[PDB]
Structures are given as C-alpha cells and as structure tokens.
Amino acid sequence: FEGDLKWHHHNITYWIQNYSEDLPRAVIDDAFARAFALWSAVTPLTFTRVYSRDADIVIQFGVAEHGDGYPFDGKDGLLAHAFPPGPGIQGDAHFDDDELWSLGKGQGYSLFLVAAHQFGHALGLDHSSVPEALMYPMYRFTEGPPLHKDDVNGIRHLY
C-alpha cells in the first residue's frame, strides 16, 4: 500500500461513510477530526468534512472482505489500511471493525492514534524507521504529542 503520488491540492476533504459499533458517533467524529488536526497543525493542509462520495478521503469501517482485494483478518493483526493519494479508492482509509475500538489507556486500540497513522498513509507518508514516531508500523499506546519530529519532517517534505 505504498505509493509515489501526493495530493496536488491542500484543501483536503473527507467523508465518514459509516461507523464502528464500539464508540458513539460523536466520539468517532471527534477522534477523526482530532487526528486530521495533528497533520494540519504542522502544514498548510486543511481537512474539511463533507457528505459526498467525492471526498478525497472516504472513511469506512469494515470486516473481513469489504470490496478491495485486501480483506481484514479479524481481531488484532492488521488494524486498518489506507490508500496513498490519487483518484477513486486512492486516499481512502479503512478500519477493521473486528478490532475493539477505544481511546486512551486500556484494552482495545485507540481509534485516534490509529486514524492519525492511517491519515499519514492517506497523505502519502510511508512507514518510519523511528520507533517513537507515529508512522512506525507498531501499535503502542503512549501519552504525549502523537507526532514525532520525524513525522513532522516527513509530512512537511511533501506539503
């Protein structure tokens, strides 16, 4: 799921197609909004929620096979995936609803942190080799600003 294209515009739009049964819709909406805010905080990018399939980043929760040729694997393992910039499915973010979605310390996975990571992918970032960076391919909950200098350097290099 690695690509070589970046968005040719900075006013990015996203559409929350559906939701997970683990969290209230208001909490989900807010987690996604806060995740995007992390990236717009260090770049000239903006993220506007829309209600149309024409959004750049379409967000959906799915289980096992869900359309694209990359079905989820149930509890744990693959948590989600996002397609790099481009038209159509490109740029979209899919979350495995077989996971226990939560926030903060505790069991389950933070939808906030995972979304922030997935949106990094949706923006064209690849994985980071820095263990403490958000783009590091390993889920670990920790307090503190999600973006590491490496993440900031990486996203600014693109936008």
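In this text, the rigid core denotes the largest set of C-alpha atoms whose superposition between the two forms falls within 1.5 Å. One rule holds for the numbers: they count along the sequence shown, beginning at 1.
- Looking at 97 to 105 and 126 to 134, the one farther from the shown form in 5 other deposited structures of this protein by average CA distance, after a rigid core fit, turns out to be 97 to 105.
- Higher mean CA temperature factor, per the PDB entry, when comparing 122 to 130 with 60 to 68: 60 to 68.
- Taking only CA atoms, the mean B-factor in the PDB entry is higher for 47 to 55 than for the other of 113 to 121 and 47 to 55.
- Of the candidates 13, 142, 20, 17, the deposited coordinates give 142 the top C-alpha B factor.
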